[PDB]
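Heads up, the thing below is written out as structure tokens.
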2 protein chains.
Amino acid sequence: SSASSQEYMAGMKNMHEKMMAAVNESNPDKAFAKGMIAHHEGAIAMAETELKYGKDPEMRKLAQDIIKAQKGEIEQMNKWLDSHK
Amino acid sequence: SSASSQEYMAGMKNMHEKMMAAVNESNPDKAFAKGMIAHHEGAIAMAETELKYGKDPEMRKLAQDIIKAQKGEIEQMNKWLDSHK
Ligand SMILES: [Cu+2]
Ligand SMILES: [Cu+2]
Ligand SMILES: [Cu+2]
Ligand SMILES: [Cu+2]
Ligand SMILES: [Cu+2]
Ligand SMILES: [Cu+2]
Ligand SMILES: [Cu+2]
Ligand SMILES: [Cu+2]
């Protein structure tokens with residue numbers, strides 16, 4: 001019922017819907033690509049929520065590292081999907 | 001219904017349950033920790049599935065990078081969880 005828990009669930013919903021679409025890919029490489037994008041966007045969403053509501057400095061710093069790390073992997077992946085269909 | 005799609009859904013099923021459990025945490029820092037563990041286990045399962053069915057060399061290499069990189073990162077999360085309440 002809290003705002004942080006409400007924000008975690010909204011991020012999960014978005015990740016879940018995109019994850020199901022990825023499982024619906026017959027090409028396993030396209031499923032992996034689609035899947036990992038939804039995974040990375042979910043981790044950015046969890047980390048942004050942790051940076052907004054979390055109070056532990058160890059978790060807060062881990063969340064910042066995650067936001068930076070998950071962007072470079074989405075980059076190459078979007079290209080692979082855009083150059084295959 | 002394909003074997004690869006069925007193995008992707010099995011990992012998604014696993015990640016979704018633990019993700020929902022993480023969202024149900026009232027402590028937003030514990031939700032983040034549980035959430036990221038569920039993300040790491042979900043990314044490993046996708047990559048293991050990609051290593052078994054995938055044919056593209058780039059994704060398979062990306063999936064191997066995931067298994068190697070995401071192995072040490074769960075450790076620090078369980079350590080944080082096991083020393084907090
Ligand atoms: Cu909920
Ligand atoms: Cu569902
Ligand atoms: Cu579904
Ligand atoms: Cu997935
Ligand atoms: Cu299914
Ligand atoms: Cu559900
Ligand atoms: Cu639920
Ligand atoms: Cu999550």
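Each chain in the structure tokens gets a letter, A, B, ..., in the order shown, and its residues are numbered from 1; ligands are numbered from 1 in order too.
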Expected selection as a PyMOL selection string for ligand 8 within 12 Å, only C-alpha atoms and all ligand atoms:
(chain A and resi 5+7-16+19+38-50+63) or (chain B and resi 12+15-25+28+30-43)
Limited to C-alpha atoms, could you put the picked residues into a file as a tab-separated table (two decimals), in the first residue's frame?
chain	number	residue	atom	x	y	z
A	5	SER	CA	5.94	-0.81	-2.89
A	7	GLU	CA	6.45	1.90	-7.47
A	8	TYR	CA	8.16	-1.49	-7.29
A	9	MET	CA	5.00	-3.18	-8.58
A	10	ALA	CA	4.56	-0.76	-11.47
A	11	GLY	CA	8.11	-1.50	-12.60
A	12	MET	CA	7.53	-5.23	-12.26
A	13	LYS	CA	4.28	-5.11	-14.26
A	14	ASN	CA	6.05	-3.39	-17.16
A	15	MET	CA	8.90	-5.90	-16.95
A	16	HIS	CA	6.49	-8.84	-16.70
A	19	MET	CA	9.05	-10.63	-20.48
A	38	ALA	CA	13.07	-6.21	-20.38
A	39	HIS	CA	15.39	-7.42	-17.65
A	40	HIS	CA	17.67	-4.40	-17.88
A	41	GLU	CA	14.75	-1.96	-17.95
A	42	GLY	CA	13.39	-3.74	-14.89
A	43	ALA	CA	16.69	-3.35	-13.04
A	44	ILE	CA	16.86	0.35	-13.88
A	45	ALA	CA	13.29	0.75	-12.59
A	46	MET	CA	14.03	-1.13	-9.36
A	47	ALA	CA	17.21	0.88	-8.86
A	48	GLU	CA	15.50	4.23	-9.48
A	49	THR	CA	12.86	3.29	-6.91
A	50	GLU	CA	15.55	2.24	-4.43
A	63	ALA	CA	21.45	0.89	-7.18
B	12	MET	CA	10.30	-16.17	-16.14
B	15	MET	CA	11.76	-14.65	-11.57
B	16	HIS	CA	8.15	-13.43	-11.39
B	17	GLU	CA	7.38	-15.27	-8.14
B	18	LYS	CA	10.48	-13.97	-6.37
B	19	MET	CA	9.94	-10.53	-7.89
B	20	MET	CA	6.40	-10.44	-6.54
B	21	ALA	CA	7.75	-11.51	-3.15
B	22	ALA	CA	10.28	-8.68	-3.35
B	23	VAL	CA	7.59	-6.11	-4.20
B	24	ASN	CA	5.65	-7.28	-1.13
B	25	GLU	CA	8.52	-6.21	1.14
B	28	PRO	CA	12.20	-0.66	0.28
B	30	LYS	CA	14.98	-5.22	1.41
B	31	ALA	CA	12.66	-5.12	-1.61
B	32	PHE	CA	15.57	-3.87	-3.74
B	33	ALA	CA	17.91	-6.56	-2.42
B	34	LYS	CA	15.39	-9.39	-2.96
B	35	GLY	CA	14.47	-7.78	-6.28
B	36	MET	CA	18.03	-7.72	-7.61
B	37	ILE	CA	18.71	-11.30	-6.52
B	38	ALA	CA	15.60	-12.29	-8.48
B	39	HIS	CA	16.89	-10.27	-11.45
B	40	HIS	CA	20.31	-11.96	-11.30
B	41	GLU	CA	18.80	-15.45	-11.10
B	42	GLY	CA	16.44	-14.52	-13.94
B	43	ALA	CA	19.26	-13.27	-16.13
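The coordinates place CA of residue 65 (chain A) at 17.6 Å from CA of residue 65 (chain B).
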Could you write out, as a ChimeraX atom specification, all the residues of chain B that DSSP marks as alpha helix (DSSP H)?
/B:3-23,28-53,57-69,71-82
Point-to-point distance in Å for CA of residue 3 (chain B) and CA of residue 53 (chain B):
8.5 Å
CA of residue 70 (chain B) to CA of residue 70 (chain A): how many Å, to one decimal?
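Atom-to-atom, CA of residue 70 (chain B) to CA of residue 70 (chain A), that is 12.2 Å.
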